[PDB]
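Structure first, then comments.
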Amino acid sequence: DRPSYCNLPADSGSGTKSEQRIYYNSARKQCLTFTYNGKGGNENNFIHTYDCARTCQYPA
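First residue of the sequence shown? That's 2 in the deposited numbering, and the numbers climb one at a time after it.
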């Protein structure tokens with residue numbers, strides 16, 4: 002089943018070190034880029050596209 006946090010919106014969090022991360026967009030069923038400020042945010046926040054795809058897009 003899909004973890005519920007996969008359905009949270011992208012959350013850029015706080016901080017000054019901007020960094021690209023990947024999030025699952027539940028409406029589009031796609032793993033997309035977003036800008037993460039380095040701190041805070043939520044669990045729908047992945048280092049690599051494959052992480053998002055295996056965890057949220059095509060979950061075990």
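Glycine included, C-beta positions come from ideal geometry on N, C-alpha and C.
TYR6 versus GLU44: straight-line alpha-carbon distance, rounded: The straight-line gap from Cα to Cα measures roughly 6 Å.
In angstroms, rounded to a whole number, what distance separates the CA positions of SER19 and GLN31? Distance between the alpha carbons of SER19 and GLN31: 22 Å.
From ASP2, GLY16, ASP12, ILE23, residue whose alpha carbon lies closest to that of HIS49: Of the listed residues, the one whose Cα sits closest to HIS49 is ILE23.
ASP2 to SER15 span [Cα, whole Å]: Approximately 30 Å between the Cα atoms of the pair.
Kindly indicate which residue of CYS57, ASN46, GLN21 has the alpha-carbon position closest to the one of residue 1. With the chain covering 2 to 61 only, the question about residue 1 has no answer from this structure.
Coarse secondary structure for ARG3, derived from DSSP in three states: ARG3 falls in the coil class under three-state DSSP.
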